[PDB]
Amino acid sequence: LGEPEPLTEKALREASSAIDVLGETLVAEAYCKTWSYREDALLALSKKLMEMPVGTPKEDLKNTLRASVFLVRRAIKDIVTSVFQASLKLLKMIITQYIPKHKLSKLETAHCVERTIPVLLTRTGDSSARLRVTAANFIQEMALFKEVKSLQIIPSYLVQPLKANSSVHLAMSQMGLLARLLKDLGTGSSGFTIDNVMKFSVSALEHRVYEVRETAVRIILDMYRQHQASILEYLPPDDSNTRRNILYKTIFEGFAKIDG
């Protein structure tokens, strides 16, 4: 049980503000090469956050939240599973317990979500299937927490178009999350719209990976079962020249199958 190594010059400037709020010891623990210290820092921070009394000044509560979110964000990228899992436990406590306990605003909730969800989505492209599932399940869990659901933030990340050079795992995970949360949250108040969903799905039909294109077809057909006529403007016209692309054939005779 030797002490954590010192922070590098780069880490020092990067974590400058967190050091003032949380102290150098805890930040050094979080940055060091010993996973059990990285884990302990997050669990210690978890204890510290919930022991802060109700009447604590709002600016101290917000600073502490912002410094903690800074550490959660880096720990979501951890190379050891236990540290990754401890960061999710901390993140959940901040959004679901700390914020409502101290009656903090929607801007704080939004800050937690905006700083962590994009980094968490990168972990849904991990090589480990068990890690992809843990990351995806947590995103689904946060998307349905009452305070986060109201902000409509998470659906907006899930409809962002798939990059050309995107991995097979990353693309499949995003599509899986889109389909599952679209069914749970629906259209209107959620942040999903016929507009952004179809825009995403039609764009995915040009992806290099067969399985990505195939899932886009499945989502388009599901949107036709629900919304019928209002999605047709997003697609090309139904005729035999369009049907010389094999995917659009499947879609349009798919539409024909769904009707009489």
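So that there is no doubt, residue numbering starts at 1 and follows the sequence shown.
- With 223-231 and 188-196 compared on mean CA B-factor from the PDB entry, the stretch scoring higher is 223-231.
- The PDB entry reports B-factors from which the mean C-alpha value can be compared for 238-246 and 6-14; the larger average falls on 238-246.
- Residue 62 sits in the middle third of its chain by CA B factor, as recorded in the PDB entry.
- Residue 27: CA B factor in the lowest third of modelled residues in this chain (values from the PDB entry).
- Sorting the modelled residues of the chain by their CA temperature factor places residue 82 in the lowest third.
- Among the modelled residues of its chain, residue 134 has a C-alpha B-factor that falls in the lowest third according to the deposited record.
- In this PDB entry, residue 92 carries a Cα temperature factor that places it within the middle third of its chain's modelled residues.
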